[PDB]
Amino acid sequence: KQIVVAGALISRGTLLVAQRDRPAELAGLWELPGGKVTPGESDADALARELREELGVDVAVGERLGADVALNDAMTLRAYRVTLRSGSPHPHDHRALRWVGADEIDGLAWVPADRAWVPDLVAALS
Ligand SMILES: Cc1c[n+]([C@H]2C[C@H](O)[C@@H](COP(=O)(O)O)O2)cnc1N
Ligand SMILES: [Mg+2]
């Protein structure tokens, strides 16, 4: 299974969430940003690559956040905690970004795959 890595960036007590712009089925819905791992890459290398590209930030990749999610037969989604080293997030590849607190998490229009992490994200912001 191809791995997709996603980042739960928590900064000053809030969580970054990113509103997708593609494809049509996901455009308008919110995610933990990330992307596919390239063969040869560690999860950490891939996720730091994706978040530099998409958000314009340098992050450190930490512990897992929640469990693996099955996208399809081919693909598995994995979330990690990440923390900021340098830079401020900007939506280079998204419709919008939003910093949310615990009480906002379950109200967001999540990408259905990511919605699985809602209890984990609420816990992390407890
Ligand atoms: C980063 C991410 C990605 N995906 C799904 C959407 C695509 O089917 C696939 C690859 O992601 P992308 O379109 O490269 O961001 O994984 C779902 N949740 C996420 N948090
Ligand atoms: Mg992406």
Side-chain angles (χ1 to χ4, degrees), residues 2-21 23-35 37-72 74-126:
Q2 159 88 79
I3 303 301
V4 186
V5 290
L9 175 53
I10 295 163
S11 177
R12 305 173 70 83
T14 55
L15 170 74
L16 190 70
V17 294
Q19 192 182 32
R20 291 191 66 105
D21 196 59
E25 289 91 347
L26 298 185
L29 309 184
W30 294 80
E31 72 170 4
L32 302 186
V37 180
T38 313
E41 255 186 340
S42 72
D43 282 10
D45 283 343
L47 184 50
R49 173 175 52 65
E50 284 289 9
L51 299 191
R52 181 175 294 258
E53 177 71 11
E54 293 190 350
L55 304 178
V57 296
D58 176 28
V59 301
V61 183
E63 295 295 290
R64 289 293 299 291
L65 181 286
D68 288 349
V69 170
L71 284 172
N72 28 294
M75 258 188 311
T76 301
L77 184 61
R78 170 167 290 191
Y80 287 91
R81 290 173 177 259
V82 302
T83 57
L84 269 174
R85 286 213 343 109
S86 194
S88 317
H90 290 95
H92 295 298
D93 200 36
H94 284 94
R95 182 159 300 175
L97 305 176
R98 222 173 108 202
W99 293 106
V100 292
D103 55 340
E104 292 173 72
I105 297 294
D106 64 19
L108 281 173
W110 287 97
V111 167
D114 295 48
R115 196 188 74 208
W117 296 316
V118 159
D120 301 302
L121 294 165
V122 168
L125 296 171
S126 85

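For the single chain, residues carry numbers from 1 onward in sequence order. All values below come from the heavy atoms of this structure, side chains included, with hydrogens, waters and symmetry mates left out.
Rounded to the nearest 0.5 angstrom, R95 CZ and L26 CG are separated by 11.0 Å. Interatomic distance, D21 CG to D93 CG, rounded to the nearest 0.5 Å: 8.0 Å. Taken from NE2 in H92 to CG in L51, the straight-line distance is 11.5 Å, to the nearest 0.5 Å. Remark: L32 CG to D120 CG distance equals 10.0 Å, nearest 0.5 Å.
Taking the side-chain contact (heavy atoms from CB on, under 4.5 Å) definition, one finds that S42 meets it with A44, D45, sequence neighbours left out. For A116, the side-chain contact (heavy atoms from CB on, under 4.5 Å) partners two or more places apart in sequence, or in a different chain, are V69. A search for side-chain contact (heavy atoms from CB on, under 4.5 Å) contacts involving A96 returns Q19, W30, not counting sequence neighbours. Remark: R85 engages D58 in a salt bridge (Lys or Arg N to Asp or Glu O under 4.0 Å) (not counting sequence neighbours). Remark: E104 pairs with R98, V100 by the side-chain contact (heavy atoms from CB on, under 4.5 Å) rule, at least two apart or across chains.
Remark: side-chain polar atoms of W117 are paired, donor with acceptor, to backbone N or O of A67 under 3.5 angstrom.
Side-chain contact between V61 and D43: absent, with no pair of heavy atoms (C-beta onward) separated by less than 4.5 Å. Counting only heavy atoms from C-beta outward, the side chains of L97 and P33 never approach each other to under 4.5 Å.
Residue pairs meeting the side-chain hydrogen bond (donor to acceptor under 3.5 Å, both in side chains) criterion with at least one partner in residues 59-70, sequence neighbours excluded, are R64-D68, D68-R78.
Listed here is the closest heavy atom pair of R49 and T38: NH2-OG1, 3.6 Å. Shown here for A124 and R81, the closest heavy-atom pair between the two residues is CB-NH2, 3.5 Å. What you find for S88 and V57 is that their closest heavy atoms are C-CG1, 3.6 Å.
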Self-check item: Test log, rule side chain to side chain contact (heavy atoms under 4.5 Å, CB included), inputs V17 and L121
Solution: CA-CA 11 Å; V17 294; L121 294 165; over 6 Å; no

Practice problem: Please assess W99 against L16 for the test side chain to side chain contact (heavy atoms under 4.5 Å, CB included), listing each intermediate value before the final yes or no. | Solution: CA-CA 5 Å; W99 293 106; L16 190 70; 3.7 Å; yes

Exercise. Could you please spell out the steps behind the side chain to side chain contact (heavy atoms under 4.5 Å, CB included) verdict for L125 and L15?
Key: CA-CA 8 Å; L125 296 171; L15 170 74; 3.9 Å; yes

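A side-chain hydrogen bond (donor to acceptor under 3.5 Å, both in side chains) with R20 holds for exactly one of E31, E25, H94; it is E31. Screening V111, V4, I3 against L77 for a side-chain contact (heavy atoms from CB on, under 4.5 Å) leaves a single residue, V4.
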